[PDB]
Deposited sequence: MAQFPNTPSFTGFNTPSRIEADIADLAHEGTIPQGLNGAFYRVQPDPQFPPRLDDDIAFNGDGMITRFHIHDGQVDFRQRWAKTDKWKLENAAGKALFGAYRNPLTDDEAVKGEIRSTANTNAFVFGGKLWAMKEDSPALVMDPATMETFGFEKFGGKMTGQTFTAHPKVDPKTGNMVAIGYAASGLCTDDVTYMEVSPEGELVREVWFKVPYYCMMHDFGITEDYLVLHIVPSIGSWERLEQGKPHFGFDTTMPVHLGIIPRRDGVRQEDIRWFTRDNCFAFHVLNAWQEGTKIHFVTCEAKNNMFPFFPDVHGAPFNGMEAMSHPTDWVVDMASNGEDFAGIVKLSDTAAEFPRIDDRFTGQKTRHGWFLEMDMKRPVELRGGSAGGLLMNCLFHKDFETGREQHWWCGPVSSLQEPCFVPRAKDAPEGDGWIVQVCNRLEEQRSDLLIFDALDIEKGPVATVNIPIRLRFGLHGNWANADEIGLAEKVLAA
């Protein structure tokens, strides 16, 4: 709650932000990103940054200028707390520490991702229904339960769009209640109607924060960041990592009326994997590129056996998990490390989700760079040519999730730009950087001064003027 991460709680508007360079005329749409930002002082003692109320930033880029708008995501939690004028909810994913006054309420802070789909803005916390908002006015409508047709109590913060159907693919884990081994597989039409919701069990309850899709399958990685009521009763963090448990990859056919028996389960040795770059089918093989670390990535979700955090072992690298559908038995066809670069927050050109993509972008941790006072490089890989580009934000800055933007509705994979918030840490201010996606190492084409300090953000997405009602 201090330093770079001073609370903000500023809703605002500013037209035509100052910039150093030229803003590409091609850009006509909006980058939406979210920051955890607590409305009130925390109810408990040392709450996590990951746990603040969702504040949704939007950078509307058009006619070679940038406009700012930041609004609260008005969760049930935000409203009840607002009215009550005080914190009513407790720790991250721990209903046990809530005021009795808010028992049975939707605890979502809608603080993890901000996503445009079917002419709505989705503010997402994977423990809850998505909060929907107006993409243009950025008013809150309320949580999306699709007219009581959703039966699952949760919705992913890492949804995927099938380019073929245009559908949104989603899971919801702890679907029947907290720490349950149920999971819903959902699909949503471009119009916004919920068209499919399949229940199924997973080998064990764990953090299923993400997944892949291919042309036919949902690929779901099961990594033993595990939880239980036991943990919560003793007031431990909701999740802890168990290095002694196997890692699974479930293959769910994306067709109507699937059963547990249709789901193919592969198993490998213990590792930590987190965010999914992309997956595709290669005949009978499925390629699943995730950012794999040797061990636990999150100090705050500790080793369940009291073993202390191993920073070295938390370094993640893009990795291909391959599995053959046509085989028998649980073994992986193989595991291929795609780069020695330490990377996470992976992005693809969304238009090619499920097809083998040539390009990926990541936030990189390069410990060889000076720091004169932490994710300090933008990283682009050409998987065809093997060629890796790096851009460094310099010694007093750090970077937030990059967001790919197409040059046109019809441009090749990777022909466009990268937009990303940059933390000017020593100056306690923020920039929006705009790069050539395919030549990032020459530096950003435009450095845009953001006249409000933004906090450590999480996930963010692009939409055209035509998808958000600013045509």
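Student: What gaps appear when the modelled C-alpha atoms are mapped onto the deposited sequence?
Tutor: According to the deposited record, C-alpha coordinates are absent for 1-9, 383-390, 489-494, which together make up the missing parts.
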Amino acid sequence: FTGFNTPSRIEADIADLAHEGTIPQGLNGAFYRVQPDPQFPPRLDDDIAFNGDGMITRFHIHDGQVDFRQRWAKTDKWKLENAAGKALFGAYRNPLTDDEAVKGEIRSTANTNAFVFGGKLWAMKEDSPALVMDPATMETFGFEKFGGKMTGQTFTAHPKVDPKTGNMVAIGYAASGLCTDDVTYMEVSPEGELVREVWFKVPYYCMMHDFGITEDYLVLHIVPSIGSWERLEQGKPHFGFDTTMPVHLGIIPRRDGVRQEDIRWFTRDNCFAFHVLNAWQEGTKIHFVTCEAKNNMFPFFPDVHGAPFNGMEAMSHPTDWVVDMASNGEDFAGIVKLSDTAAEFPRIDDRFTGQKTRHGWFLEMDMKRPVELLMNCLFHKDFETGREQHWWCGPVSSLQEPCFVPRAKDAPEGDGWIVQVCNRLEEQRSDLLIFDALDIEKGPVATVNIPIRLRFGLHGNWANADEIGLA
From here on, numbers count along this sequence of modelled residues.
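Student: Taking the recorded C-alpha temperature factors, which stretch has the higher mean, 39-47 or 441-449?
Tutor: Result of the comparison: 39-47.
Student: Mean Cα B factor from the PDB record: higher for 72-80, or higher for 97-105?
Tutor: So the stretch with the higher mean C-alpha B-factor is 97-105.
Student: Which listed residue, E233, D366, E187, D349, has the largest C-alpha temperature factor in the record?
Tutor: Result of the comparison over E233, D366, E187, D349: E233.
Student: Just grab whichever of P370, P159, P246, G118 has the top CA B-factor as deposited.
Tutor: In the PDB entry, the greatest C-alpha B-factor among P370, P159, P246, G118 is found at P246.
Student: Sorting the chain's modelled residues by C-alpha B-factor, tell me whether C403 ends up in the lowest, middle or highest third.
Tutor: For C403, the deposited C-alpha B-factor lands in the middle third.
Student: Using the B-factors in the PDB entry, rank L88's C-alpha atom against the chain and give the third, lowest, middle or highest.
Tutor: Highest third.
Student: Relative to the other modelled residues in the chain, which third contains the C-alpha temperature factor of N328: lowest, middle or highest?
Tutor: Highest third, going by the recorded CA B-factors of the chain.
Student: Sort the modelled residues of this chain by their C-alpha B factor and say whether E427 lands in the lowest, middle or highest third.
Tutor: Highest third.
Student: Would you mind ranking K409 by its C-alpha B-factor against the rest of the chain and naming the third, lowest, middle or highest?
Tutor: Ranked within chain, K409 CA B lands in the highest tercile.
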